[PDB]
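Given next, in structure tokens, is a single chain: the form deposited in one PDB entry.
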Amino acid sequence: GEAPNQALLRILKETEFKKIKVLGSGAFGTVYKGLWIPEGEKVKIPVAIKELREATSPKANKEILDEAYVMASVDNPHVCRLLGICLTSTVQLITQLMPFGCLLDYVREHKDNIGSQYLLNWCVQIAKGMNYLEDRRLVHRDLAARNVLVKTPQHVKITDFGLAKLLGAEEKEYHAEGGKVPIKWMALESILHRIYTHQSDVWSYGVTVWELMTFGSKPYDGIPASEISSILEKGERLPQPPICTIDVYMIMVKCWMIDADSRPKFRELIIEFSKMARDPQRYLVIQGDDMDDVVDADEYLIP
């Protein structure tokens, strides 16, 4: 009927890995930094380890396993993959450590040393990842700079598949109900009708690029999420970032068309940003890449 999912769900023993330190916490639970050491091999693998909490909510435990299902079912250099789970009191997700954290925080606390080459290359890698997920028939539903991680400054990957959904062969869209999805990153049709498609992800990709080009600005910074529906319907969109040529900003705008099919496909976004990456300073203007009358004392010879 459909292609059987022959992904392997690896079950790992707790004694095989060591939590070095906590990385984060909040509503999602807690994430740890650690080393995984398979007993047989002579290897030590840096890993991130995620668990919920001391309590076990019926609905919440089910959803971490859904997240494991999707992460176990993906294999791509620009997508984060599940290494395994550990069946402790509460289930643990084990993944490759992405030491430099989320891309949102990275662009924020490195503004001054991020060049056009890096920005446009990140855009290419995210598009490649999203394109892979489209081939795999997966709709992410939560693509944002915050859900892209940095393995190295020159290599990023998409993660956070907690809202992701797999589409059938004879199925073009997913219909949500529960809601509670980040509104400022989702397409109008998703806000209006709970419709999610690969083209809905393209909208979110558009917003993600805006975040990168503004070095981590909050979209619609002074606007509550209730109003977002109205302003999009009016034709209002995120503004052109200072560093963005009309060339780049036109790409971003096309991702936010009302007609979903009029938006570009991820495969096209790979091409366009890739072309731009060959001559990056032609497409992004960044003053790096408090006075200009300053001169060093030994280029000032005594008159």
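Numbers follow the displayed sequence, beginning with 1.
The same protein also exists as the form solved in complex with a partner chain; that form is not shown, yet it is the one meant from here on.
> Do residue 179 and its partner chain come within 4.5 Å of each other in the bound PDB entry, heavy atoms counted?
Yes.
> Using a 4.5 angstroms cut-off on non-hydrogen atoms, would residue 146 count as touching its partner chain in the bound PDB entry?
Residue 146 belongs to the contact set for its partner chain.
> Is residue 165 one of the residues lying within 4.5 Å of its partner chain in the bound PDB entry, judged by heavy atom distances?
Taking the distances in the bound PDB entry, the answer for residue 165 is no, it never comes within 4.5 Å of its partner chain.
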